[PDB]
Each structure stands twice: as structure tokens, then as C-alpha cells.
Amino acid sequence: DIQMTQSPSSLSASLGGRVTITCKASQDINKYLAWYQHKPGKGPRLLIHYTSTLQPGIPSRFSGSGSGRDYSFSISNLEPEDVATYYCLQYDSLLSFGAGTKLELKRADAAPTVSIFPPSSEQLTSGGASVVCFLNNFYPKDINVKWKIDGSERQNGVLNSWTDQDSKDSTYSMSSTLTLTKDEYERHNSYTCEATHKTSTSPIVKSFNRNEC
């Protein structure tokens, strides 16, 4: 009926800098545009209505502007607590949101702390074997995790999971799990995960052998 295309899907920015999100309507919406901030574990917070009127109690660091079809929203002196996802909302005819913008902060590069974990006795008795590898507190977000079994790269059986930006230190973390059957897990000796990240020329390699204990 009326589409809002919100123009950066994601973005990283430094503390003290400025952030701008554009929101573009399919037809003229007569300045009937509101802006929402959405954090994990809360309902959306109304920031601005009628294109640029600050809701009461909203920092003056937040501003909006536009007319006709094209609209802008800005945060001026970025603070750590502006991390969130933001949405525009037209209310000229019916209601619809832009797809949203995920805002995260820049920090100095951090290298990942890598840890590998063998399958437990409990799980082996069950007939399964997971090898878990944590890549914790790194920056920036982009990281690669590679698994090798006896030196051959392995892609099946791998489940990756990744956190959102940590509120305490602005780092990211990621978890990778290679799940085999017990019989297949016993046919091989070495299990290694390699973390490739721009903080290092050579990947961080962590490895397990069923070779003592």
C-alpha cells in the first residue's frame, strides 16, 4: 500500500560521531513520519513524530527532517547507549515501517581468544560427538572459522552462532560446533579450528587430539 525503504540496513560508527538514516516513501506522506529506537528486551521507544518533533524526554542529539517522500534521521554526538535498531514509521495512510537499521559502535581492533573443547563422556555414551570452539571478544565483527579433521577441511556438521555487540566492551563473540557421530569421531585423530581475523597475519589455530588423558 505504502512502502518505506530504510536505506542503511546496518552501520558501525565511532563514539562522538554522527549517524544518518534515510527513509524513503513510495508516495508523498505529508511529513507523517515517526522514528523508533528498539533495544533487546524492550518495546520500541518513540523518538520523533511528524518528521522532526522530539518526543518529550528524548535527547536533543536526535533529529529528523524531510518532506514529501524523502526523510532523514540523525544522531549527532554518538554515545554508547544509542546502540539499537531504529525504525521509521509512516502514518499518512495506514501504517508501515522501514525495514530497520542496526547500529553498533567502533572500537580498536581486538583479537579473538580461541578455545577448543572435546566431546564429553556424557555425549559420547549417547552416540554423538561435538567439538566446540569459542572465538571470544574480537573486533571487528568479520571473522572466519575453519575446521580441519586430520588436516582435511570439513564443512558438514558445523553450526556457527554469533553474538550481537557486547554492551560492556563493544567486542563480538562467535561459537562454532562440529557435530559427528561417535563412530565417525573415533576414525580420526586431530580436530582443529582456525580463526582468521584481520588482527593477525596467520590464523589462530586451536586443536585437540584424542591422544592422552
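Numbers follow the displayed sequence, beginning with 1.
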| query | Hey, which bit's got the bigger mean C-alpha B factor in the entry, 56 to 64 or 23 to 31? | reply | 23 to 31
| remark: As the entry reports it, the stretch among 178 to 186 and 140 to 148 with higher mean C-alpha B factor is 178 to 186
| query | Between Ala84, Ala110, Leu94, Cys88, which carries the biggest CA temperature factor in the record? | reply | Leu94
| request: Please rank the C-alpha B-factors of the chain's modelled residues and tell me whether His49 sits in the lowest, middle or highest third. | output: lowest
| Where the record places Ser115 (Cα B-factor, split into thirds across the chain) | lowest
| request: Using the B-factors in the PDB entry, rank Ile204's C-alpha atom against the chain and give the third, lowest, middle or highest. | output: middle
| message | What third of the chain does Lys39 rank in for C-alpha temperature factor, lowest, middle or highest? | response | middle
| task | Within this chain's modelled residues, let me know which third the CA B factor of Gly127 belongs to: lowest, middle or highest. | result | highest
